[PDB]
Every structure is written in C-alpha cells, then in structure tokens.
Amino acid sequence: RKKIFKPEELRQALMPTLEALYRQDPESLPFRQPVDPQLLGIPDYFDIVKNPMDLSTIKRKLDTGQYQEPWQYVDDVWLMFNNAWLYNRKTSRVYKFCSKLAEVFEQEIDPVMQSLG
Ligand SMILES: COc1ccc(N2C(=O)CC[C@H]2c2nc(-c3ccc4onc(C)c4c3)cn2C[C@H](C)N2CCOCC2)cc1Cl
C-alpha cells in the first residue's frame, strides 16, 4: 500500500475536504485559528492539550507540502477534533460544534481516501 505522492496532487485532493469544514458556519468558527488561551481566558488549555491543532495550521501544512501521505492529513484533522472533545465539556457549544465538523469530515474524507488508493 506504499505510494509516493506529489505535494500538489495531495493538496488538490485533500484541500476540498478542509474547505468543507471552513464552510460550516458557525461550527468552524472556533477551529479557524490556534486556540489563544490568554485571549479566550482558558488558562488551563495547554495543561490539557499538549498537541494543539487548528484549520489554519492544517492549511499551512498542505500549502508547504508537510503531508507526505494522506493519513498524515487525516491524523491532524482527528487531532483537532480529539483536542476539542478532550478540553470542552460534553454540554458545551464548542464540543457540539466539534461533533458537527467531525460528521461533515467523515462524509467528505471517505471517498477522497478511496480515490487516493
Ligand atoms: C458562534 O460560536 C462561538 C462564539 C463565541 C465563542 N466564544 C465565547 O463564548 C468566549 C470565547 C469565544 C471563543 N471560544 C473559543 C474556543 C474555546 C475553547 C476551545 O477548545 N477548543 C477550541 C477550538 C476552542 C475554542 C473560541 N472563541 C472565539 C470565537 C469562536 N470567535 C472566533 C472568531 O470569530 C468570532 C467567534 C465560542 C463560540 Cl463556539
């Protein structure tokens, strides 16, 4: 199942799945930039979340060819969702928004991954 991908071929296949998340309004709004614990008054954020991730950083990594293989991109999207579910209470708006994005991503990513082999 080893395959070498060109970064531009990955960017072209995967960026639409990331665009699908950015289009979710308001559910993508918390996810568009890195969590700033100072600005948001959540000083315990980096006690809990040791590997932060957000849409801006994933987009930057696609734009600079830092994903060799499609599973590395999927791992960062899942990291972003797993961090939000870990930090936020199950009852919170951000947790619910995370769950919405995860549903959208599952629908978008499945056929793209099948198409990349
Ligand atoms: C419309 O949706 C929102 C509006 C405001 C807020 N916020 C507040 O109620 C207070 C601060 C602000 C806010 N919180 C968070 C927050 C917090 C905990 C988090 O864990 N993981 C993540 C990701 C995460 C994000 C982010 N924000 C900024 C807020 C979403 N703004 C982003 C810029 O456009 C306007 C709305 C959250 C949401 Cl969901």
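Residues numbered from 1 in each chain as written, not as in the entry; some residues may be left out. Heavy atoms only, no water. Residues with missing side-chain atoms left out of burial classes, pairs and counts.

As recorded in the PDB header, X-ray crystallography is the method behind this entry, and the stated resolution is 1.42 Å.

A.B. asks: Looking at this model, I keep getting lost on the site of the ligand. Mind explaining?
C.D. replies: Taken together, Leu-29, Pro-30, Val-35, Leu-40, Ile-42, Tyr-45, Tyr-87, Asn-88, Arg-93, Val-94 and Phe-97 make up the full set of residues adjacent to the ligand. Taken by itself the ligand offers 740 Å² of open surface, and the protein chains cover 61% of this. Here the element with the most residues in the shell around the ligand is helix α6 (residues 93–116); it accounts for three residues. When its residues are assigned to classes, the shell around the ligand shows nine nonpolar, one polar and one charged. (Near = heavy atom within 4 Å. Areas by Shrake-Rupley, 256 points an atom, 1.4 Å probe, with all protein chains shown as cover. Helix = DSSP H or I, 4+ residues; strand = E, 2+ residues; numbered from the N terminus. Nonpolar A, V, L, I, M, F, W, Y, C, P; charged D, E, K, R; others polar.)

A.B. asks: Would you mind going over helix α4 (residues 55–63) with me for this structure?
C.D. replies: Since the α-helix advances by 3.6 residues per turn, residues separated by three or four positions end up pointing in the same direction. Taken together, the buried positions of α4 are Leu-55, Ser-56, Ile-58, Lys-61 and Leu-62. Those residues of α4 that are buried lie in contact with α1 (7–23) and α5 (70–87). Positive backbone phi, approximately 70°, marks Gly-65, located one or two places after α4. (Buried < 20%, exposed > 50% of the residue type's maximum accessible area, 1.4 Å probe, protein only. Contact = heavy atoms within 4.5 Å.)

A.B. asks: Explain the environment of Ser-56 to me, please; I cannot follow it from the model alone.
C.D. replies: Within the secondary structure, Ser-56 is located in helix α4. Between the C-alpha atoms of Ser-56 and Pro-34, which are 22 residues apart in sequence, the distance is 7.2 Å. Residue contacts for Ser-56: discarding those within four places in its chain leaves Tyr-22, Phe-31, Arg-32, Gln-33 and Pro-34. For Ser-56, the side chain forms a polar contact with the side chain of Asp-54, separated by 2.5 Å. (Polar contact = N/O pair within 3.5 Å; in protein donor to acceptor, adjacent residues only side chain to side chain.)

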